[PDB]
Amino acid sequence: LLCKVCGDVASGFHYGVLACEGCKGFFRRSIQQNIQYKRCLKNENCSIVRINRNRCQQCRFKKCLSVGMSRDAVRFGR
Amino acid sequence: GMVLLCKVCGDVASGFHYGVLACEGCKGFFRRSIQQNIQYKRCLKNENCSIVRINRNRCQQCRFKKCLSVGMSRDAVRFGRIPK
DNA sequence: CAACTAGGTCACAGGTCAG
DNA sequence: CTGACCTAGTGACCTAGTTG
Ligand SMILES: [Zn+2]
Ligand SMILES: [Zn+2]
Ligand SMILES: [Zn+2]
Ligand SMILES: [Zn+2]
């Protein structure tokens, strides 16, 4: 499976999407606090892949919130 | 390893930056180099300089060319704990 | 109870600012 | 400019916990 967010290999089904450890952790970290990720530099249309997933935080998150990641979409068990 | 040396200048490496084991100077140098319209003067020797700790700041152009020469890329960064 | 994941833990690019 | 010291994260791993 492929992280449905940065094409990096997926560790499991996370927050309602197949994802890699980095985007899972990066997701919980984004919702599990009231952080104000700095505005976007490159006009809010940032690509997100395994090689540049950490460059824009607003865009990696916004992307997370588009492939349908969410806790109300969490799914425990086989 | 206990002590790995900077692949750009042989200084002690403070980690694995931009894709390779670099000292802390090249690290901040590479970053500063790619992070701007920073174009260094040419190299009075047609870029054949060598890099070591003592002369690593003499010819910039050649150091940067050394960084890129070894692999330093924003696309080669390995964040978080070293795997196994 | 096993298959399977949300969270915590903690091993690991960039801003500073003195030299 | 340069780079030793901070700050703010990043994600490999472990396992407490949840389903079916
Ligand atoms: Zn990912
Ligand atoms: Zn962006
Ligand atoms: Zn170095
Ligand atoms: Zn030179």
Side-chain angles (χ1 to χ4, degrees), chain A residues 1-39 41-42 46 48-61 63-64 68-78, chain B residues 1 3-41 51-64 66-67 71-84:
Chain A
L1 306 183
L2 296 189
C3 172
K4 204 273 188 174
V5 179
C6 79
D8 185 345
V9 174
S11 59
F13 189 73
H14 293 104
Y15 298 101
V17 161
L18 313 143
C20 65
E21 295 297 326
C23 296
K24 176 184 61 178
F26 171 78
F27 187 54
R28 65 127 177 302
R29 197 182 304 147
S30 312
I31 58 183
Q32 202 271 110
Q33 52 190 299
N34 248 186
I35 30 182
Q36 297 179 117
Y37 287 158
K38 48 175 293 184
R39 307 190 186 197
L41 299 177
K42 323 192 81 300
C46 288
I48 299 291
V49 199
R50 183 191 176 181
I51 237 57
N52 72 125
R53 73 198 170 199
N54 303 289
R55 307 187 182 167
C56 186
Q57 300 177 314
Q58 200 185 24
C59 291
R60 176 189 199 167
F61 186 45
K63 180 68 178 299
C64 275
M69 280 186 107
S70 63
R71 61 169 59 277
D72 80 42
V74 176
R75 172 189 108 190
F76 297 86
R78 177 175 158 176
Chain B
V3 181
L4 273 285
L5 310 176
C6 172
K7 192 186 166 60
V8 168
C9 76
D11 195 352
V12 313
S14 80
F16 183 69
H17 308 277
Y18 296 104
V20 39
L21 303 164
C23 70
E24 195 77 13
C26 304
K27 160 181 176 289
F29 177 72
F30 186 90
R31 181 189 85 236
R32 210 187 304 77
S33 298
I34 60 179
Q35 200 172 308
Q36 288 162 117
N37 60 300
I38 292 184
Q39 286 184 235
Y40 303 119
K41 293 84 65 59
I51 307 286
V52 185
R53 204 183 63 76
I54 63 299
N55 74 232
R56 77 186 194 190
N57 307 348
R58 302 198 199 307
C59 187
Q60 306 182 317
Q61 251 298 319
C62 277
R63 187 189 196 175
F64 182 39
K66 183 58 184 308
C67 294
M72 298 182 48
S73 175
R74 284 184 150 217
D75 293 38
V77 174
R78 179 201 67 190
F79 269 106
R81 171 186 176 75
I82 290 165
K84 298 166 187 173

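Both backbone and side-chain heavy atoms feed into the values below; hydrogens, waters and symmetry mates do not. Residue numbers begin at 1 in each chain, while the letters A, B, ... track the order of the sequences.
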- Message: Taking the ring centre of each residue, are A/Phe26 and A/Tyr37 less than 6.0 Å apart?
- Response: yes

- Using the P atoms only, state how far D/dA8 lies from C/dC12, rounded to an integer number of Å. 22 Å

- Message: I'd like to check A/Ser70 versus A/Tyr15 (side-chain heavy atoms, cut-off strictly below 4.5 Å). Are they in contact?
- Response: no

- Query: Does a side-chain N or O from A/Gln32 land closer than 4.0 Å to OP1 or OP2 of C/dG8, or not?
  - Reply: yes

- Passes side chain to side chain contact (heavy atoms under 4.5 Å, CB included), A/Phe27 versus A/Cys64? Steps please. CA-CA 7 Å; A/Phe27 187 54; A/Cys64 275; 3.9 Å; yes

- Have A/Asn54 and A/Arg60 got a donor and an acceptor in their side chains that come within less than 3.5 Å? yes

- Heavy atoms from other residues, nucleotides or ligands near CD of A/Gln36 exceed 12 (cutoff 6.0 Å): no

- Item | Counter-base of D/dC1, judged by Watson-Crick or G-U geometry with both distances under 3.5 Å | C/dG19

- Just by modelled atom types, is the B/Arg74 backbone N or O under 3.5 Å from a matching donor or acceptor in the A/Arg55 side chain? yes

- B/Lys66 side chain near B/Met72 side chain, heavy-atom distance below 4.5 Å: no

- Query: Once you round it to whole Å, what is the distance between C1' of C/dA13 and CD1 of B/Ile82?
  - Reply: 16 Å

- Atom CG of A/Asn54 to atom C1' of D/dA12: distance rounded to whole Å? 14 Å

- Watson-Crick/G-U partner (both atom distances under 3.5 Å) of D/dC6: C/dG14

- Item | Under-3.5 Å donor-acceptor pair between A/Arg29 side chain and D/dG11 base | yes

- Item | B/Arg78 CZ to C/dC12 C1', straight-line distance once rounded to whole Å | 7 Å

- When rounded to whole Å, the CZ to P distance for the pair A/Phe26 and D/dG9 reads 9 Å

- Note on the structure: From CD of B/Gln36 across to P of D/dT2 the rounded distance in Å is 11 Å

- Item | Gap in Å between the two P atoms, one belonging to C/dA11 and one to D/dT15, rounded | 15 Å

- Less than 3.5 Å between a donor and an acceptor, one on the side chain of A/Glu21 and one on the base of D/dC13, is that the case here? yes

- Kindly point out which of D/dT2, C/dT5, C/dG14 is positioned nearest to the side chain of B/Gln60? D/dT2

- Task: Would you indicate what A/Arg55 reaches in the nucleic acid, counting non-hydrogen atoms under 4.0 angstrom: base, sugar-phosphate, or nothing?
- Result: nothing

- Which part of the nucleic acid does B/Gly25 contact within heavy-atom distance under 4.0 Å: base, sugar-phosphate only, or nothing? sugar-phosphate

- Query: Is the phosphate of D/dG9, meaning OP1 or OP2, less than 4.0 Å from a side-chain N or O of A/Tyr37?
  - Reply: no

- Which one, C/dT5, C/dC4, C/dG14, comes nearest to the side chain of B/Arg74? C/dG14

- Atom-to-atom span, CG of B/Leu4 to P of C/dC12 - whole angstrom: 12 Å

- Query: Per the atom types in the model, does the base of D/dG11 pair as donor or acceptor with the side chain of A/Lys24 at under 3.5 Å?
  - Reply: no

- Please measure how far the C1' atom in C/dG15 lies from the corresponding atom in D/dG11, and state the result in whole Å. 23 Å

- Note on the structure: note: A/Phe13, atom CZ; C/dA6, atom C1'; distance rounded to Å ~ 13 Å

- Item | Nearest to side-chain heavy atoms of A/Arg28, which nucleotide of D/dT2, D/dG11, C/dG7 | C/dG7

- Rounded to whole angstroms, how far apart are CZ on A/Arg53 and P on D/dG9? 17 Å

- Task: Measure from the side-chain heavy atoms of A/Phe76 and tell me the nearest of C/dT5, C/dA13, D/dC13.
- Result: C/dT5

- Closest-nucleotide 5' rank along DNA chain D - winner of B/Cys23 and B/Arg81: B/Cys23

- If you take atom types as modelled and just measure distance, does the side chain of A/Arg50 reach the base of D/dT10 with a donor-acceptor pair under 3.5 Å? no

- Nucleotide nearest B/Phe79 (side chain, heavy atoms from C-beta), chosen from C/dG15, D/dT2, D/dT10: D/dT10

